[PDB]
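Protein chains in written order, with the deposited numbering: chain q, 1 to 52, 52A, 53 to 76, 76A to 76G, 77 to 82, 82A to 82C, 83 to 100, 100A to 100F, 101 to 111; chain W, 1 to 117; chain U, 512 to 547, 569 to 664; chain A, 512 to 547, 569 to 664; chain B, 1 to 113; chain 4, 1 to 113; chain V, 31 to 141, 150 to 185, 187 to 309, 312 to 321, 321A, 322 to 398, 411 to 505; chain r, 1 to 102.
The beta carbon of each residue, even a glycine, is placed where N, CA and C say it ideally should be.
A quick write-up on the structure given underneath.
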Amino acid sequence: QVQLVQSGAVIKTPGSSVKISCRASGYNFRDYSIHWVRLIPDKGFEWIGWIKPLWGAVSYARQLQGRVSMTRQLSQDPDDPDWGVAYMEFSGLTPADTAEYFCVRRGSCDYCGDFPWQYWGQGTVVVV
Amino acid sequence: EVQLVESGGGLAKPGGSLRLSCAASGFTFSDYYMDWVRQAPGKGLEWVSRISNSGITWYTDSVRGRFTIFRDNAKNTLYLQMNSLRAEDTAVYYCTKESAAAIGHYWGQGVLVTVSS
Amino acid sequence: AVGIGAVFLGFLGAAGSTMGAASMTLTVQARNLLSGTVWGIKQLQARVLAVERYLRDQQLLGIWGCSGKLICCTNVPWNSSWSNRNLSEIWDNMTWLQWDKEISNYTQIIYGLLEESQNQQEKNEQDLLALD
Amino acid sequence: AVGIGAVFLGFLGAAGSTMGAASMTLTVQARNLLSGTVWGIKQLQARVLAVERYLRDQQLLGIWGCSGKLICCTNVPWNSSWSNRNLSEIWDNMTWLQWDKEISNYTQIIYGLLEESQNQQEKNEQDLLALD
Amino acid sequence: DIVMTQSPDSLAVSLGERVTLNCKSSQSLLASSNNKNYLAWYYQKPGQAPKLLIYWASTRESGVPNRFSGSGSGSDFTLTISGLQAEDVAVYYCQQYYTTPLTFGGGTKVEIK
Amino acid sequence: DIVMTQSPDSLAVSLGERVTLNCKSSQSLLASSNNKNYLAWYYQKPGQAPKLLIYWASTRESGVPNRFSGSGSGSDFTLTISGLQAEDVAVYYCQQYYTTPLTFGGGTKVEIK
Amino acid sequence: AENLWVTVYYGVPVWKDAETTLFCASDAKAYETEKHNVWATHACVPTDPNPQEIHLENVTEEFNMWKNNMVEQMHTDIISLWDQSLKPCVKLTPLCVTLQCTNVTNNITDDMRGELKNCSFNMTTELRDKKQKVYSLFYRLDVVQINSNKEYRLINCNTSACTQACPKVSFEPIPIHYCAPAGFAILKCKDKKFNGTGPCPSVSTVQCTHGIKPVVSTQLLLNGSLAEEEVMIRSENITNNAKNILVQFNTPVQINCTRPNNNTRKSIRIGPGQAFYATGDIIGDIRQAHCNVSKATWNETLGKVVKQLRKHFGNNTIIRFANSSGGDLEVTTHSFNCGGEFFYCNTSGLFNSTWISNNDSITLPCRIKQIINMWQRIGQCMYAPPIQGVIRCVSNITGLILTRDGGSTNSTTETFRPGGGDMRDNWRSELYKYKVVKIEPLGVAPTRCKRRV
Amino acid sequence: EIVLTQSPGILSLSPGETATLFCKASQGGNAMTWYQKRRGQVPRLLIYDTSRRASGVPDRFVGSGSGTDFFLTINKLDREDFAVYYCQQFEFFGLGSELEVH
Ligand SMILES: *[C@@H]1O[C@H](CO)[C@@H](O[C@@H]2O[C@H](CO)[C@@H](O[C@@H]3O[C@H](CO[C@H]4O[C@H](CO)[C@@H](O)[C@H](O)[C@@H]4O)[C@@H](O)[C@H](O[C@H]4O[C@H](CO)[C@@H](O)[C@H](O)[C@@H]4O)[C@@H]3O)[C@H](O)[C@H]2NC(C)=O)[C@H](O)[C@H]1NC(C)=O
Ligand SMILES: *[C@@H]1O[C@H](CO)[C@@H](O[C@@H]2O[C@H](CO)[C@@H](O[C@@H]3O[C@H](CO)[C@@H](O)[C@H](O[C@H]4O[C@H](CO)[C@@H](O)[C@H](O)[C@@H]4O)[C@@H]3O)[C@H](O)[C@H]2NC(C)=O)[C@H](O)[C@H]1NC(C)=O
Ligand SMILES: *[C@@H]1O[C@H](CO)[C@@H](O[C@@H]2O[C@H](CO)[C@@H](O[C@@H]3O[C@H](CO)[C@@H](O)[C@H](O[C@H]4O[C@H](CO)[C@@H](O)[C@H](O)[C@@H]4O)[C@@H]3O)[C@H](O)[C@H]2NC(C)=O)[C@H](O)[C@H]1NC(C)=O
Ligand SMILES: *[C@@H]1O[C@H](CO)[C@@H](O[C@@H]2O[C@H](CO)[C@@H](O[C@@H]3O[C@H](CO)[C@@H](O)[C@H](O)[C@@H]3O)[C@H](O)[C@H]2NC(C)=O)[C@H](O)[C@H]1NC(C)=O
Ligand SMILES: *[C@@H]1O[C@H](CO)[C@@H](O[C@@H]2O[C@H](CO)[C@@H](O)[C@H](O)[C@H]2NC(C)=O)[C@H](O)[C@H]1NC(C)=O
Ligand SMILES: *[C@@H]1O[C@H](CO)[C@@H](O[C@@H]2O[C@H](CO)[C@@H](O)[C@H](O)[C@H]2NC(C)=O)[C@H](O)[C@H]1NC(C)=O
Ligand SMILES: *[C@@H]1O[C@H](CO)[C@@H](O[C@@H]2O[C@H](CO)[C@@H](O)[C@H](O)[C@H]2NC(C)=O)[C@H](O)[C@H]1NC(C)=O
Ligand SMILES: *[C@@H]1O[C@H](CO)[C@@H](O[C@@H]2O[C@H](CO)[C@@H](O)[C@H](O)[C@H]2NC(C)=O)[C@H](O)[C@H]1NC(C)=O
Ligand SMILES: *[C@@H]1O[C@H](CO)[C@@H](O[C@@H]2O[C@H](CO)[C@@H](O)[C@H](O)[C@H]2NC(C)=O)[C@H](O)[C@H]1NC(C)=O
Ligand SMILES: *[C@@H]1O[C@H](CO)[C@@H](O[C@@H]2O[C@H](CO)[C@@H](O)[C@H](O)[C@H]2NC(C)=O)[C@H](O)[C@H]1NC(C)=O
Ligand SMILES: *[C@@H]1O[C@H](CO)[C@@H](O[C@@H]2O[C@H](CO)[C@@H](O)[C@H](O)[C@H]2NC(C)=O)[C@H](O)[C@H]1NC(C)=O
Ligand SMILES: *[C@@H]1O[C@H](CO)[C@@H](O)[C@H](O)[C@H]1NC(C)=O
Ligand SMILES: *[C@@H]1O[C@H](CO)[C@@H](O)[C@H](O)[C@H]1NC(C)=O
Ligand SMILES: *[C@@H]1O[C@H](CO)[C@@H](O)[C@H](O)[C@H]1NC(C)=O
Ligand SMILES: *[C@@H]1O[C@H](CO)[C@@H](O)[C@H](O)[C@H]1NC(C)=O
Ligand SMILES: *[C@@H]1O[C@H](CO)[C@@H](O)[C@H](O)[C@H]1NC(C)=O
């Protein structure tokens, strides 16, 4: 199986810097890009940004630059290389950032692009 | 004994058209590939086109389907029609006969084409 | 339909010429089809793939009428449900790259008929020798 | 001796049928005879053994009269000291698995006669062209 | 495409002694099938239609005397004269006829010094 | 030998709408030489001799209208109806004719619910 | 006569698209060198430079560099061939040891940091009884402090024994020609305005590829293939922001890069036939490695690439260039190998631009690493030995690998970051022309002749 | 930016019927993606590449259309198939097409 398992929900203060991890397991984590996408009530889906975890090459949404920061932690052992941990530090928390955050991955088909997101994390509810 | 004597025009406005012909005496058109080679004044000779014994045409990659070549085997002549002329087409043109060892075995006299108004 | 000309006339040179004109140069593509610490395995399997493909094509020829003719005729007639077009508009109009697509669906229907006609002609020849 | 039937008629299907009936399906065994970090060496030597065996058999054919006929006749007569049995009791009675054992001893006596007759026919053909 | 580059631009010598000229190719013109090579060495006079001198990269044309020699195979080619005449001092050319487009050399204008 | 297993045992539907049926094979019936596949889909009425519906695993028989479709290659095969009629509601069969012994399917008895 | 008779022809020129394994080849001068002073000199066949090609008239094939094969093959083969030049080399098993590191002898400035640590350690001698004390010089990026006393270790002491790059073999690029076997052909697109997608009207068959020097550079691909007359930007799909844009421009940008520090290679005997080449003295000044581009020609080429980028984004678009958003070391700062030495040079002076729709030289600083983790393997690092003397090299910036940011919420501008990412974007900029096809004889056609029995 | 607009929005249909959901792209020439989000659950890829079905989705979700007109057709509405539907083009989204039960 392919699992994207996040941390639990959190309540933060206005002005904090929240950090949400995402453990990916069941596949070669160095291959597939990890996207971060959010859901706001009465605003819909908004895309936050992707990371290529082979070198951590990040790219952000334009209206979220200066606030988001994505890192990763690979698996360095010849025995269990099939896992990894993505991170997202979203900083400058406002009460307009109360939303449910998602780490997602594309499908592994030959016509699946970057954005056709098959696999989906359970989401972290963040109330500021 | 084999002469390739040419005819056509020399005076053309830039952006125009002309047809240049070549009669030949000394051999048979049934089995010989023909050519068209031009020389700019003061510059090097350069190839323009080639036609087979039955009408398979080969062009250089600048004339790009603007020039056509037609070899009238009945009226025993070789034809080069030039539509949509360019200023860099001012040259002297030559029809040749190809041997099996080297092309341009025999050589036409030339037509001085000046594309100028 | 061959004339005097000094240019090289090389491999896949007449791929875009009409198929009545690429047929006059078929020994060129027939010639340039066979000869051309760990990497010797890759080179070696490429070479045996080349000779295996050549043997498969020569075997498909050999169980038909022509074994070394390189142009051969046979006794099955052209079913006009296959291509439904004139004889004048193939040898002077289209290429082999374009004729390949137009009968790729009707391919492998034709090859069984070729083997069937060759087996029937072999048994007819054997019976004609046998009655003498 | 071929009729209408829809079954696959595959490789070694008529091995137990009589040899007058397995002769109507010989292109099947001719077709299915060639195409089919360390193990690539084993696969590769198996493939070159396959193509070497195919080339040896095609060379044995080629130095005789037939090079791509797959049924060919020749000019050496059947010596009746070899099998001493009737023509009616081979093509309707026995199989190739059973006929293989009965002339395996007289094999390689026959092949030299085949090469001898083919070389004599080649030199007779060369002399007949030469006198013209 | 195939670039044909003649190494000198001119050669002004005296008459009677030999010279030599070279034409380099950007691509090996040696046909592996025929084992024969593809240069046309041409000779153009001032105001005249050119004529062949060397075909098959080595062989002289009929009507051309023994004083010329096309030489060399592979990619770099040499036209060697043995004795200069007054009829010879005009432009030489090297031509590949291996592919389309047929490209010529630059043209080494040999005159008398 | 070759086991031919039909996946449903019965199918009682209404009339007018489409259905679909499947037959799995224990062995891949796709002939690699002919590149064509070996299923006979048959139709037996109550008390009647059966008739062919689909030959070469895809092609309908003459006398059979356009409302049938034999589909699929390899090892698993699908007979898809487009419109059910009252003349159609009886037993279907799948048959391999790739080898001896010729084995049939179980027989999916389609009737009207 | 209206009944036609079928005829099968052998030797028919017609191809299908196919996936095969091309084989390597080198030039005859590249075949002249020996003893594996470079990689695999006798493993590949020798061939000519600029191999023979013939032009095909009246033909049109559709190409796609993005779904192309043989960039996968070249990527796999260069990774495996990189690995196969390390099995005779020396593993640094006895060097994973406690390093007592002090500062280099230098005028220390407390605001800045020394980028060199003078580290002494016990080294095993060639005798298994006696050990010695020996010192060396390392960089900050290669050692980490383990927890008064100040003892360090290497960063790769908990993942792998680090294979030393052998100083006999060099890492200079030599051009590979990818030659097709029998039955296959290679088609090259001679079209000028061809973006690597769709129909090419002017192809030519060729037996081997042209020369591909293997350069390893994340941003600013060096010594590449120049475009013909104008800058050409190439992408799989422009509106997708997770696709890189490969920018190939006409005239190359001359870049100079140097380490001005004069080093002393010192040999240390590990065991029998085991030598570790360490840094000895820094002879002279302690200066920082850097690079120079020309200010004027870089502004010129940025004007050219903005002129070409406004064709896909409308005329009234403000194009601005900012530096990389983050990542590891060799995805944010542009990496290369200047003769057995791995530089990591800062590109913040280059991509600092804005562009409205109306004698100097940029110095850019570099870091140097000695141990590397090329292609991000699980357990394979690589020590690289120091080399003597001041090291300078000249190169041509041929293109760029850009990436558009995720422009949303009424983006009046569109900004472009540099980014290396995968190495295959470096390899797709050279095999964008070629494809490999399978030549299939035995065509079949009707003509008006029955075989005479 | 690609402005996506979903035309039906709130649509109430009885079970066993068919639903047609329209998505409208401000810029054409690209593909369209269809997601389903049920109440209090994780969204699921239904359709990618405008016609292709994902892994583990039934056949009655039929994507169609091109240019600026993109259709998601559901046939024989199951009780579970009454949720919110989203159309994605590259990084942009629609505001949701809620499918309610009459
Ligand atoms: C982009 O392309 C350019 C153009 O080729 C490359 O520049 C060359 O890079 C190589 C390797 O980095 C250079 O080779 C080295 O040059 C050093 C300088 O010596 C030069 O000058 C002397 C005297 O004129 C010559 O004898 C010598 O051959 C060089 O031309 C040498 O010190 C090096 O030699 C040492 O190492 C080799 C390794 O095997 C030994 O064989 C030698 O004996 C010696 O120990 C080496 O030769 C080359 O000089 C550069 N050329 C130019 C014109 O600058 C760029 O490197 C390339 N960019 C990238 C990123 O690869
Ligand atoms: C790639 O190169 C760029 C520039 O070539 C480099 O950016 C610089 O980084 C440093 C720190 O990494 C930035 O911060 C400076 O650090 C000193 C340290 O004491 C501060 O004192 C500086 O503050 C001065 O400037 C302020 C504004 O003018 C004043 O208010 C203050 O009183 C001080 O005078 C300063 O913050 C530095 O600013 C940037 N340069 C620029 C132009 O922004 C970058 O770090 C390199 N990349 C990497 C990965 O290192
Ligand atoms: C970004 O741009 C690239 C470059 O164009 C683009 O890639 C193309 O994607 C399509 C699919 O979206 C690929 O498939 C082709 O689609 C066309 C038009 O539909 C047809 O020729 C073929 O599709 C037919 O068959 C499909 C299944 O059989 C049907 O579902 C379909 O309706 C058609 O009937 C063909 O498969 C195409 O090959 C690529 N081309 C290239 C050069 O990559 C990509 O899709 C773009 N990104 C997005 C998100 O749209
Ligand atoms: C792209 O350019 C920007 C602008 O220069 C760079 O941002 C700068 O990054 C440096 C770090 O490299 C920041 O330096 C700071 O130094 C203090 C010293 O104690 C340290 O404590 C901080 O944690 C930080 O490292 C600097 O403030 C920052 N400047 C701005 C305006 O953001 C950026 O790093 C460049 N990106 C790349 C990949 O080079
Ligand atoms: C690195 O440190 C070593 C000590 O471990 C230094 O070597 C000593 O330098 C002093 C000063 O000249 C000499 O008196 C000693 O004899 C040296 N000892 C040895 C064993 O060589 C060395 O100079 C330092 N180098 C740098 C560049 O800082
Ligand atoms: C030797 O290196 C150490 C670091 O391991 C230096 O200690 C700190 O260095 C930084 C920057 O170099 C300064 O900002 C700190 O103030 C230093 N710490 C202290 C307590 O001073 C140290 O300065 C270096 N030099 C010497 C002579 O020990
Ligand atoms: C090299 O080895 C020597 C001896 O094994 C180490 O010196 C010892 O260091 C410890 C810790 O300071 C002392 O308790 C011992 O008394 C020392 N022994 C001797 C013989 O001096 C030394 O630390 C090692 N490393 C270096 C860099 O010299
Ligand atoms: C690369 O050039 C090709 C043309 O050769 C472009 O492909 C066509 O683009 C138009 C829209 O501009 C479409 O209507 C056609 O269907 C496309 N044809 C094919 C075969 O894809 C392509 O858009 C260009 N790509 C880039 C990145 O500029
Ligand atoms: C780097 O340092 C070495 C010293 O090891 C310099 O080599 C010396 O150069 C001088 C004259 O330049 C000679 O007289 C010495 O005999 C050389 N010594 C050795 C050991 O080679 C070298 O010149 C320096 N390099 C640079 C670029 O300054
Ligand atoms: C990069 O280095 C080259 C040398 O390799 C520089 O070219 C020299 O420039 C000077 C003038 O500054 C001339 O006098 C030399 O004749 C040039 N030499 C060569 C070989 O070209 C070049 O200027 C440097 N560029 C930058 C931006 O530093
Ligand atoms: C960078 O590109 C330039 C061309 O812009 C190269 O310069 C040419 O080099 C060849 C041989 O290497 C010479 O025959 C040409 O005369 C040179 N032309 C010019 C204009 O200089 C240069 O070699 C490339 N490499 C480097 C390291 O500068
Ligand atoms: C072969 O089948 C395809 C797909 O059904 C069809 O489009 C094509 O027209 C057929 N070939 C011919 C020559 O009709
Ligand atoms: C061949 O030799 C064996 C052994 O001597 C003998 O038994 C057999 O009968 C011989 N074959 C025939 C056909 O007689
Ligand atoms: C190795 O040590 C470094 C420094 O403490 C640490 O960052 C890294 O995660 C460690 N790796 C493993 C595999 O333990
Ligand atoms: C932008 O202006 C140029 C004039 O140089 C024109 O050729 C081009 O079509 C224009 N593009 C748009 C999108 O208006
Ligand atoms: C950007 O450019 C300005 C002016 O050209 C310069 O002062 C500044 O240092 C540059 N930014 C960086 C990060 O180098």
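Since residue i and residue j should fall inside the 8 Å C-beta cutoff, what is the C-beta to C-beta distance between them, to a whole number of angstroms?
i, j, result
"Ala55 (chain V)", "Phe223 (chain V)", "No, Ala55 (chain V) and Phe223 (chain V) are not in contact; Cβ-Cβ is about 14 Å, not under 8 Å."
"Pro220 (chain V)", "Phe53 (chain V)", "7 Å"
"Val91 (chain B)", "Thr108 (chain B)", "7 Å"
"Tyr32 (chain W)", "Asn53 (chain W)", "7 Å"
What do you get for residue i, buried or exposed, if any count of 16 or more other CB atoms within 10 angstroms of its CB means buried?
i, result
"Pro58 (chain r)", "exposed"
"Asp86 (chain q)", "buried"
"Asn543 (chain U)", "buried"
"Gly96 (chain q)", "buried"
Taking 8 Å as the limit between beta carbons, can you name the residues of its chain near residue i, skipping five residues before and five after?
i, result
"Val13 (chain 4)", "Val19, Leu84, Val110, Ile112 and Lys113"
"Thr59 (chain B)", "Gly70"
"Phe27 (chain W)", "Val2 and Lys97"
According to the Cβ coordinates, are residue i and residue j closer than 9 Å?
i, j, result
"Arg178 (chain V)", "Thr128 (chain V)", "no"
"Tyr97 (chain 4)", "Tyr42 (chain 4)", "no"
"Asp624 (chain A)", "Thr529 (chain A)", "yes"
"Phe93 (chain r)", "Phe22 (chain r)", "no"
"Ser256 (chain V)", "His330 (chain V)", "no"
Sorted by chain position, which residues of the same chain lie with C-beta nearer than 7 Å to residue i's C-beta, five sequence neighbours on each side aside?
i, result
"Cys92 (chain q)", "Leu4, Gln6, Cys22, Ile34, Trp36, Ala78 and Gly104"
Within 7 Å of chain B by C-beta, residues of the segment 515-529 of chain U in sequence order: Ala517, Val518 and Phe519
Chain U contacts made by the segment 81-110 of chain B, where a contact means CB separation under 7 Å: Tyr97, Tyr98 and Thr99
Chain B contacts from the segment 215-238 of chain V (Cβ-Cβ distance under 7 Å): none
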